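The structure appears right after this line, and notes come after that.
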Amino acid sequence: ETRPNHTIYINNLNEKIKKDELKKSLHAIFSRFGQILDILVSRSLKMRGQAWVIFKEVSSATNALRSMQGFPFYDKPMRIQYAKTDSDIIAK
Amino acid sequence: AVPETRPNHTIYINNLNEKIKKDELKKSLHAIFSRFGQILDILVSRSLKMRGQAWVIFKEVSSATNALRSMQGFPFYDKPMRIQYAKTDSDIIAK
Amino acid sequence: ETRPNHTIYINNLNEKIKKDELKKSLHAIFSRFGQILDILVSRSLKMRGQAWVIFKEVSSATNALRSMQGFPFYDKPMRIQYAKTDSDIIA
RNA sequence: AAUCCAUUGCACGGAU
RNA sequence: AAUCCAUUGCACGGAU
RNA sequence: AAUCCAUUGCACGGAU
Ligand SMILES: [Mg+2]
């Protein structure tokens, strides 16, 4: 989805990277754009190669996506959209 | 030839998912690109040489420039948009 | 590196393109983002398929990276990062 | 309309 | 853990 | 010069 959101959806991630390293790496890269509330990574069948970065502010999310769109990350260009719906911690 | 990087009122988008029909492509493109400025037109055609392609015409060059810097590589119907500036002025702009 | 720098690092370049045409073609793409101080290309084994574009202003390098990330050059998407270290002409 | 073949194309095609 | 196979997936797998 | 093999490499090769 193209509708600005607090959360960015990243896919095409290198699946060899384990959750802890991926979370640390995504936080170091994306922290620059503003305060990150959380990064949700899962390694199960439907969730690998994927991350949700939840920014406190939409303006940080918009800036992260526009700057990091296509950035080569562990040999794969990041594909970044806005999450299709609000992440739970944002919804409350 | 190289990607065209000389700012222009019009951005040229290729590598569009060709399964998307004209009406929906224009409607989706408007929804995405209207956040960068006022859009005068969006030219889509589904002929052989025109498929996979759109011209989005902004009233001001500054909007084209923001649109290109922002939406480059956006995953749009599972294919990253490829954006340049239009080689030459659109007719709407020329008059 | 993901940190803005005066210098952009490009790889996944079509190794068939020769130095002069690669350098001329990179100026024609990237010069439109602001003044380029230098474009460094070598075709030696460790250096081929790569270029460093040194901009005068960091805003120019940032606009160039964001705007041309993944854009096909001689049938290959350009992979653009910021240089890990300042180019010598900058330092 | 749909499925398939082909098309990465800078403007103001073919098959069932 | 690792290795191989499969998976491009919008959330709060299989084999040694 | 051309072509083949190898190389995805963060700087200031082999081969006909
Ligand atoms: Mg078809």
Side-chain angles (χ1 to χ4, degrees), chain A residues 1 5 7-16 18 38-52 54 72 75-76 79 81-92, chain B residues 1 3-4 8 10-19 21 40-55 57 75 78-79 82 84-95, chain C residues 1 5 7-16 18 38-54 71-72 75-77 79 81-91:
Chain A
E1 203 70 86
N5 193 282
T7 303
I8 60 178
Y9 174 79
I10 319 180
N11 80 320
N12 194 56
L13 294 175
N14 195 321
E15 286 165 44
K16 292 197 292 195
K18 303 211 156 292
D38 209 4
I39 309 186
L40 298 195
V41 156
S42 170
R43 300 282 288 163
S44 69
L45 172 62
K46 313 196 87 172
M47 297 299 283
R48 60 185 73 158
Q50 289 163 94
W52 287 260
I54 309 165
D75 305 322
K76 282 175 86 48
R79 306 276 178 236
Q81 307 181 313
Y82 295 117
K84 273 161 158 208
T85 63
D86 285 351
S87 302
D88 285 359
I89 201 157
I90 289 300
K92 106 133 98 70
Chain B
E4 189 51 77
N8 185 283
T10 297
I11 55 160
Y12 170 73
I13 309 177
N14 73 327
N15 200 56
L16 293 169
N17 190 328
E18 287 170 37
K19 98 181 167 69
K21 276 149 199 324
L40 297 182
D41 214 354
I42 306 191
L43 310 195
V44 166
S45 168
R46 295 212 64 240
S47 61
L48 179 66
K49 294 159 199 217
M50 298 303 283
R51 222 171 285 162
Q53 293 159 93
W55 289 262
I57 311 188
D78 321 318
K79 285 169 68 57
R82 302 315 185 193
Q84 311 171 59
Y85 294 113
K87 270 170 195 204
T88 61
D89 277 352
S90 300
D91 292 351
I92 301 90
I93 295 303
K95 64 169 153 68
Chain C
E1 212 56 79
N5 198 269
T7 299
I8 64 167
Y9 174 81
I10 316 174
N11 79 331
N12 201 39
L13 290 173
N14 193 338
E15 296 181 22
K16 286 166 183 185
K18 299 188 188 316
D38 225 347
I39 306 183
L40 304 184
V41 167
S42 174
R43 284 174 64 72
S44 58
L45 176 66
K46 292 178 183 174
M47 294 298 275
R48 62 188 64 166
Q50 308 160 76
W52 285 262
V53 181
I54 309 181
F71 199 97
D75 299 306
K76 284 170 73 67
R79 303 300 181 212
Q81 298 158 67
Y82 296 110
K84 276 167 159 153
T85 58
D86 282 353
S87 294
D88 293 345
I89 191 183
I90 292 289

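Hydrogens, waters and symmetry mates are skipped; everything else that's a heavy atom, side chains included, is used. So that the names make sense, note that chain A is the first sequence line, chain B the second, and so on, each numbered from 1.
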Notebook entry, point to check: Between atom OH in B/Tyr12 and atom P in D/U8, what is the gap in whole Å?
Noted result: 11 Å
Checklist line | Rounded interatomic separation in angstrom, taking CG from C/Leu40 and P from F/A11 | finding: 12 Å
Tabulate atom names and distances for all N/O pairs under 3.5 angstrom spanning the protein and nucleotides 13-16 of chain F.
| residue | atom | partner | partner atom | Å |
| --- | --- | --- | --- | --- |
| F/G13 | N7 | C/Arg48 | NH1 | 3.4 |
| F/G13 | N7 | C/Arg48 | NH2 | 3.1 |
| F/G13 | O6 | C/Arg48 | NH1 | 3.2 |

Notebook entry, point to check: Roughly how far, to the nearest 0.5 Å, is CD1 of A/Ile54 from CG of A/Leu40?
Noted result: 4.5 Å
Item checked: With sequence neighbours excluded, residues passing salt bridge (charged side-chain N to carboxylate O under 4.0 Å, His left out) with A/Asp38 -> A/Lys23
Item checked: Syn/anti state for F/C12 [syn: chi within 90° of 0] -> anti
Next item on the list: Could you pull out the closest heavy-atom pair between A/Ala51 and A/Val41, with the gap in Å?
Entry: CB-CG2, 3.8 Å
Next item on the list: Round to the nearest Å and state the distance from B/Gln84 atom CD to D/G9 atom P.
Entry: 10 Å
Notebook entry, point to check: Can you tell me how far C1' in E/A6 sits from the matching atom in E/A15, rounded to whole Å?
Noted result: 11 Å
Checklist line | Closest nucleotide among D/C12, D/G9, F/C12 to the B/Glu18 side chain | finding: D/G9
Margin query: Give me the distance, rounded to whole Å, that separates D/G13 from D/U8 when you measure between the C1' atoms they each carry.
Written below: 16 Å
Note to self: If you compare all heavy atoms of B/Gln84 against all heavy atoms of B/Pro3, which two are closest, and at what distance to 0.1 Å?
What the structure shows: OE1-CA, 3.6 Å
Notebook entry, point to check: Does a distance-only test, which skips hydrogens and angles, find a donor-acceptor pair under 3.5 Å between the side chain of B/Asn15 and the base of D/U8?
Noted result: yes
Next item on the list: Return the value, rounded to whole Å, for the distance between atom NZ of A/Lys16 and atom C1' of E/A1.
Entry: 16 Å
Notebook entry, point to check: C1' atom, E/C4 versus E/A11: distance in rounded Å?
Noted result: 28 Å
Would you mind writing out the side-chain donor-acceptor pairs for residues 10-18 of chain B within the sub-3.5 Å range, not counting sequence neighbours?
| residue | atom | partner | partner atom | Å |
| --- | --- | --- | --- | --- |
| B/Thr10 | OG1 | B/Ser90 | OG | 2.8 |
| B/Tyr12 | OH | B/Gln53 | OE1 | 2.5 |
| B/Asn15 | OD1 | B/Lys79 | NZ | 3.1 |
| B/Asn15 | ND2 | B/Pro80 | O | 2.8 |
| B/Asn17 | OD1 | B/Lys19 | N | 2.9 |
| B/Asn17 | ND2 | B/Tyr77 | O | 3.0 |

Next item on the list: Look at the side chain of B/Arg51 and the backbone N and O of B/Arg46, then say whether any donor-acceptor pair between them is shorter than 3.5 Å.
Entry: yes
Next item on the list: Please map the stems of RNA chain D, keeping only stretches of three or more Watson-Crick or G-U wobble pairs with both distances under 3.5 angstrom.
Entry: D:2-5 with D:13-16
Check: Separation of B/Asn14 atom CG from D/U7 atom P, in whole Å?
Finding: 16 Å
Check: More 5' along RNA chain E: A/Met47 or A/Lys76, using each one's nearest nucleotide?
Finding: A/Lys76
Notebook entry, point to check: About how many Å separate CD of B/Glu4 and OH of B/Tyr85, when rounded to the nearest 0.5 Å?
Noted result: 10.0 Å
Margin query: Could you report the tightest heavy-atom contact between B/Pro75 and A/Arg79, atom names first, then the distance?
Written below: CG-CB, 3.9 Å
Check: When you look at CD1 of A/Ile89, are more than 12 heavy atoms from neighbouring residues, nucleotides or ligands closer to it than 6.0 Å?
Finding: no
Notebook entry, point to check: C1'-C2'-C3'-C4' for D/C10: north (positive) or south (negative)?
Noted result: south
Check: In terms of side-chain heavy atoms of B/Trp55, which of D/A11, D/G9, F/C10 is nearest?
Finding: D/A11
Item checked: Whole angstrom value for the distance that separates P of E/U8 from CG of A/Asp75 -> 20 Å
Notebook entry, point to check: So which of residues 88-95 of chain B are in contact with RNA chain D, with a heavy-atom cut-off of under 4.0 Å?
Noted result: B/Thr88, B/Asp89, B/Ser90, B/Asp91
Notebook entry, point to check: With sequence neighbours excluded, what pairs up with C/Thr85 under the side chain to side chain donor-acceptor pair (under 3.5 Å) test?
Noted result: none
Item checked: Value in whole Å for how far the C1' atom of E/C10 lies from CG of A/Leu13 -> 13 Å
Next item on the list: Starting at OG of A/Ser42, measure out to CH2 of A/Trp52 and round the result to the nearest 0.5 Å.
Entry: 8.0 Å
Notebook entry, point to check: Within this structure, what is the CZ-to-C1' distance between A/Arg79 and E/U8, rounded to whole angstrom?
Noted result: 10 Å
Note to self: Strictly below 4.0 Å: does C/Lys84 bring a side-chain N or O up to OP1 or OP2 of F/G9?
What the structure shows: no
